[PDB]
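Participant: need coordinates for the below:
(chains A and B)
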Amino acid sequence: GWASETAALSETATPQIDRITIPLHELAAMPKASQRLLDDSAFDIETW
Amino acid sequence: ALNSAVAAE
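Facilitator: Numbers count the residues shown, from 1 in each chain, chains lettered A, B, ... in the order given. This is the structure:
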């Protein structure tokens, strides 16, 4: 304001607030693997 | 990685 000595001090502004929404989506992968391939593979297909 | 019958898969 820069108030004067005697000026009937008036009220000043106040910040206006904004709200931002983060919808928090999901990301999914579903690989299909044959059960016999998992059993007779020399490589650990489950950890790969 | 599936169906061990197929070579490329």
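Participant: how about the residues of chain B near chain A?
Facilitator: Contact residues, chain B versus chain A (C-beta under 8 Å from any C-beta of the partner chain): B:1, B:2, B:3, B:4. Every residue, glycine included, has its C-beta placed from N, CA and C.
Participant: redo those residues as TSV? Include secondary structure and neighbour count.
Facilitator: Converted to TSV, the residues of chain B next to chain A look like this (DSSP: H, G, I helix; E, B strand; the rest coil; neighbours: other C-beta atoms under 10 Å in any protein chain shown):
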residue	secondary structure	neighbour count
B:1	coil	15
B:2	coil	14
B:3	coil	11
B:4	coil	17
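Participant: between those, which is closest to residue A:32?
Facilitator: Nearest to residue A:32 among the residues of chain B next to chain A: residue B:2, at 5.4 Å, using C-beta to C-beta.
Participant: distance of the closest one relative to residue A:41?
Facilitator: Computed as C-beta to C-beta, to the nearest Å, the residue B:2 to residue A:41 distance reads 11 Å.
Participant: just checking stretch A:25-41 against chain B, any contact.
Facilitator: Yes - applying C-beta under 8 Å from any C-beta, one finds stretch A:25-41 touching chain B at A:31, A:32, A:33, A:34, A:36, A:37, A:40, A:41.
Participant: buried ones among those residues?
Facilitator: A:33, A:34, A:37 (16 or more other C-beta atoms under 10 Å in any protein chain shown).
Participant: so which of the residues you listed belong to helices?
Facilitator: Taking DSSP state H as the definition of helices, those contribute residue A:37.
Participant: JSON lines please, covering the buried ones among the residues of stretch A:25-41 next to chain B and showing distance to residue A:25.
Facilitator: JSON lines is the format used below for those (distance: C-beta to C-beta, whole Å):
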{"residue": "A:33", "distance to residue A:25": "26"}
{"residue": "A:34", "distance to residue A:25": "31"}
{"residue": "A:37", "distance to residue A:25": "32"}
